[PDB]
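Listed in order, the protein sequences are those of chains RY, SJ, SH, RA, SM and SF. Start counting the first sequence at 460; every next residue gets the next number (the deposited numbering). Letter by letter, the second sequence follows residues 2 to 121, 151 to 196 in the deposited numbering. Letter by letter, the third sequence follows residues 1 to 78, 92 to 143, 183 to 219 in the deposited numbering. Letter by letter, the fourth sequence follows residues 2 to 21, 41 to 108, 111 to 360 in the deposited numbering. Letter by letter, the fifth sequence follows residues 8 to 19, 33 to 143 in the deposited numbering. Start counting the sixth sequence at 13; every next residue gets the next number (the deposited numbering). These notes concern the structure reproduced below.
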Amino acid sequence: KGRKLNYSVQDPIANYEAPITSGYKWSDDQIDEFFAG
Amino acid sequence: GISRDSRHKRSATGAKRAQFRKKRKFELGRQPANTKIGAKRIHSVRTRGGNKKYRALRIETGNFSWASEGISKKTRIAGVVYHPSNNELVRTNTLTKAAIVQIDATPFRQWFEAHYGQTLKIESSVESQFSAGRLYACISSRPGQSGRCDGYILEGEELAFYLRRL
Amino acid sequence: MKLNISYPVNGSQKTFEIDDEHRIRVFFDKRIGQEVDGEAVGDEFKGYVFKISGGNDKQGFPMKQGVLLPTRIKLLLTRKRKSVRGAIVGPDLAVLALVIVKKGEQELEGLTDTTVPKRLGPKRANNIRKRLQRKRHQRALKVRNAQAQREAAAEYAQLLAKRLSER
Amino acid sequence: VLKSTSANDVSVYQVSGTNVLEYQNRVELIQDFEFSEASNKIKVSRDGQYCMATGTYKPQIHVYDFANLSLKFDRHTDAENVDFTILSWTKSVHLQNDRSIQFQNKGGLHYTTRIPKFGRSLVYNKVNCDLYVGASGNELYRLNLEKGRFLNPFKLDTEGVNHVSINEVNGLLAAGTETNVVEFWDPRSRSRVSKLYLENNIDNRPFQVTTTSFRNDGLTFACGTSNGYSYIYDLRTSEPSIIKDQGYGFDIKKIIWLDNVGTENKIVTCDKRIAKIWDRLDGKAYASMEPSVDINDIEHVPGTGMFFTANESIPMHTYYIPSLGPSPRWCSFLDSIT
Amino acid sequence: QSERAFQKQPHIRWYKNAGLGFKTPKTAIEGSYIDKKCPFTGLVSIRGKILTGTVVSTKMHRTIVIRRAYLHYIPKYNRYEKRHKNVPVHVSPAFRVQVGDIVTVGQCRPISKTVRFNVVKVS
Amino acid sequence: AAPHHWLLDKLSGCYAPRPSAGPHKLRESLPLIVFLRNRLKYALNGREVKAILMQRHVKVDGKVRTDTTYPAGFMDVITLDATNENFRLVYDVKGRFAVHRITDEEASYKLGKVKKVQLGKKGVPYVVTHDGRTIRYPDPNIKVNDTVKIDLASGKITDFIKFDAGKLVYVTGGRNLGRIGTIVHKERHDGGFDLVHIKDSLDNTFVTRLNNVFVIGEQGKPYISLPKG
RNA sequence: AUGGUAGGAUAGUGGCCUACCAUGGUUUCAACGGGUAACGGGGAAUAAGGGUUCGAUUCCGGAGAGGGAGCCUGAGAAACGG
RNA sequence: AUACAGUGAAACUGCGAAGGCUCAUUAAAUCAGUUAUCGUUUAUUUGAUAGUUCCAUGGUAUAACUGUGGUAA
């Protein structure tokens, strides 16, 4: 289990991308009233 | 592939501060060509003068050998069920050396009916495949180096030697 | 535009500087190999048909037969990035090459009525139409090579047999 | 004028087939489209050019510029690939047959990391940026591109997963397992929401679901199998489905929608030899795309009616449908030749 | 004697002899042990030089860690500081070597990263 | 830039002649330019030794072999047509190449240490020597380090000298290089310092290797003639 | 990390790389680590008929052909010339 | 010398260049000798080393070359 699942932090991917604020065009209330069931 | 050198790794003493060298030509690791089933395509690569090397990727016509008489005859490939040099290799169904792959044994039927007359002394758990058609057989030749698929059939002892495993 | 035209069997070829581009516009958006009529490029050459065979544009860049995209693009040829114009002919060709495969209604005092001959007759025997002493010596040296080597090999294998009998 | 195969009252064309006067009337679209005797996986980027085709022996990356009709480069990667995605333009992430993951850049090979078990699929999340990678076993991992950490891997069932996909407009993480359960996780909560089971009427052997897909309405889900049987799903009475047996039926690998061009409610299915296309709400085949060799996978270019396969031969086939749509702006004389 | 797959067998029960003054025990000529890299049946051939010494540890299987103290005529501080050496070595079906046990080995065909020697004698 | 064996004077030049490839190794041979030009001095420079090589006077091992850097190693009988020059060159007692002059019945042959006997292909016994004369079919009792006698008109072994205790041996290699006397002792070890030991004027003792020693005859009767002082 | 079994790649030997397994291995008989008159040293070599550590040379370490990356050629290369 | 016949610009060919500067500091891992490769590659050097045949000579496709041209190149 040596090289298997190193839970470390890696240098070039720490800022490889950037997030997005709104993201999903739905609402989270639309998620809840989408899969209530 | 990458390499063949001890310089990138530690010895039996535990050393450090490697930072050694730009890797040479003679540390040449080529890419692992996982040979599969397809239409027969062998890449003719060069090494060490005119040392052509046959890198087989999609070979079919396996020359598999009847064991008790040693009759290497031509057949097709189905799939490897057990090969724990990589247990994902049988999930992806490739074809490497020392794998146990299945064969439609119809030319072995033809040879038995041709040099014995009748159809069916040989073991019963391979007589079941004599009847059905698919027999287990293990690859001997190296398609990644010699480009060929040769092998030997499973007959009795080696059969149970693998059937108790998987 | 300039139109290079070639009558191949007579061996004739000449360029013609044709202005007045609505005569030219018959060739537009027709790639290499597709034929054409004389009727919409000219009136004085009617019943004419030309298979186009490429052409250098202004800036001299050639077109290779059958890719796409009648602007210029950067491909990999005999392997390095060479610039090559697309096979389709548009408004911005300098010269355009043509092969006339049927004479129509007017004789041409450049193409039809004047012609050149070929170069020179054939040289090979079968090309003119359409040693045995070496065959003696090859066979004699071959049978002599056999009668030397394949006898000398057994002639020292018998010496091995003498050593084995004496041992 | 390129020849057309017979179909149900409809026409398709191939460019760069096994058969494709012909030398002097060549119809070659993309120069140097041929690989080393097979093809791994082809997909077209989000913008209007730059398609990427993974390699076969000494596997490469093969980015083709559509506005140059030829090859840009071929980064011979270290191992043979199975799955990758593209992250806009120049960045892309790959995973090979061994449990390693490559990050290609403009300069190429920005990093090589690994996952602890052998992986089978990768998808990227546009929202908060964590790639989900499906592998063998209890383990569906994350590599977040925000801060480069690892995340608390998603606990699966026994054997594993063949394909993972997230929904686009709302994010519903699919994971096609082996025991017919589809295991929908929530990309918000990092927990399960449902464990939907797949049924049939033939039941040859215990099939495994191999292909998952969604579209940009966020209500339906396209499901596959290891038998050649397409499935549709909705939340509306989610226990049954509509099914599609295919006439050969080995393993369907690519099921993709037509949710961004005209001639709507249509979907492409693709198993090992054939790729067909049918309509929703009836289940009747619009067309099919029978090549001369097997198919490793396919892809469909957005906005227009063309398809790009990755197969087991030397070139790759492109399939143009002049009834589904036109040919794109960089192929804008395909409608003039055929 | 079969705890792994892939037809554990000799590779052409089988028996040979390296010669050169080293015996082959009768179970290693005709016995059920496979002798994959034990040089008496083996696949390896013998060459090189032969070294002798006692052991330190035989903890893992197919690892015989020899010690080798030897005389060297030191001229610097004119006294002999005592030598010590180590070498890992594969097993043989002739002696379960415990602590002590001066044994000797012959050079052949690198088996792991650091072993070129395999046991040929116990005394 | 020179070795010790050539007897090469230091006031000669800057670049030393590397021998080309050939029968013997680089480290146990002298080429023809350092033989003819600056040892027994039939030339004055490389131009005229190439001139007499183009004239083809040299007849080493019965063949002409017109080359400047041809590596004449141990006891290749250099034969020169004018003034019937027959030269067998052996080792002296301090490491150089002593070139003895011999006669025609002695230059009609040479001898060679056998290196290995092989069942190579198709049932053919097989023998090699330091010039690599792969000659057919000796007796089965050719061990390693015995001595064949080459025919030098054809290639066949004519006589054979068995390596055992009580044979006249020549040592070419290590710190015993070029000694004769072959009897104080015999000691075959199992991988090194294994040999037959050689006497001196006071019958001193010496240690060498098996491959660094090879037999030339018997205790008083070698059919090679040897130089003296 | 240390070894075992098999495969991959090799010019082939080789945990060189990967699956599985065992928890090993070096060390006070000096492990592993600390620096320079490591522009100096180690015979690396010629020695000179009196210069006694000046006094002949091979090599400081590996790289580089604007910068990392990928590929190709050849008996030999990750080419001063693609 | 009425199918070749000497000078020979420019083209194919055989080979040529067959081993040259600067920059950051490695403690028998850089180096030197040595053991071995039935554990391996090898142009050139050298010695050796080939046995299957039913009812007078095989095909177009490219140069150089001519000819028509484009482009500032």
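We put the CB at the ideal spot given by N, CA and C, even for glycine.
Euclidean distance between Cα positions of RA:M328 and RA:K276: 15 Å
Where SM:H92 falls, given that 16 or more other Cβ within 10 Å makes a residue buried: exposed
Where SM:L40 meets chain SF, residues with beta-carbon distance less than 8 Å: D202
CA-to-CA distance, RA:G271 to RA:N174, given in whole angstroms: 37 Å
Contacts of RA:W300 in chain SH (Cβ-Cβ under 9 Å): Near RA:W300 there are no residues of chain SH at all, since even the closest Cβ is about 31 Å away, more than 9 Å.
First through last residue of the alpha helix (DSSP H) which encompasses SJ:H116: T107 to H116
Contact set between the segment 245-270 of chain RA and chain RY, restricted to residues whose Cβ is under 7 Å from the partner: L257
Beta-carbon neighbours of SM:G73, restricted to chain SF and to distances below 8 Å: None at all; the shortest Cβ gap to chain SF is about 16 Å.
Minimum Cβ-Cβ distance from RY:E492 to chain RA less than 8 Å: no
Three or more C-beta pairs below 8 Å linking the segment 29-36 of chain SJ and the segment 92-106 of chain SJ: yes
Any chain SJ beta carbon closer than 8 Å to RA:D98: yes
Candidates RA:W111, RA:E42 and RA:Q118: closest to RA:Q80 by CA position: RA:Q118
First through last residue of the beta strand (DSSP E) which encompasses RA:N166: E161 to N166
Cα-Cα separation, SH:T71 to SH:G99: 6 Å
The segment 115-126 of chain SH touching the segment 46-53 of chain SH, judged by at least three CB pairs closer than 8 Å: yes
Neighbour flag for SJ:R49 against chain SM, beta carbons, 8 Å: no
Minimum C-alpha distance to SJ:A106 - residue among SJ:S4, SJ:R164 and SJ:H116: SJ:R164
Alpha-carbon to alpha-carbon, SJ:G15 and RY:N474: 35 Å
Under 9 Å (Cβ pairs) to chain SJ, residues found in the segment 51-73 of chain RA: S56, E57 and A58
Nonlocal neighbours in the same chain, by C-beta distance under 7 Å from RA:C245, ignoring five residues either side: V204, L220, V231, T234, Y253 and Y255
RA:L195 - partner residues in DSSP beta bridges: RA:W207
Collapsed DSSP secondary structure at RA:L107 in the structure displayed: coil
Proximal residues to SF:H112 (C-beta, below 8 Å), its chain only, five neighbours per side dropped: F99, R100, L101, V102, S237, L238 and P239
Residues sharing a beta bridge with SH:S96, DSSP: SH:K74
Exposure of RA:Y77, with buried meaning 16 or more beta-carbon neighbours within 10 Å: buried
Residue-level contact to chain RA via CB, RY:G461, 8 Å cutoff: no
The segment 137-168 of chain SF: positions lying closer than 9 Å to chain SH by Cβ: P137, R148, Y149, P150, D151, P152, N153 and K168
Cutoff 8 Å: SH:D57 Cβ touching any chain RA Cβ: no
Backbone secondary structure at SJ:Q175 - three-state DSSP: coil
Chain RY contact for RA:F172 (CB, 8 Å cutoff): yes
Between the CA atoms of SH:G38 and SH:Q119 - distance to the nearest angstrom: 11 Å
CB contact below 8 Å: SH:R215 versus chain SF: yes
From SH:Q34, SH:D43 and SH:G60, residue whose alpha carbon lies closest to that of SH:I52: SH:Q34
The segment 213-224 of chain SF / the segment 184-200 of chain SF touching (three or more Cβ pairs under 8 Å): yes
Collapsed DSSP secondary structure at SJ:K98 in the structure displayed: coil
Beta-carbon spacing of SM:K105, SJ:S7 below 8 Å: no
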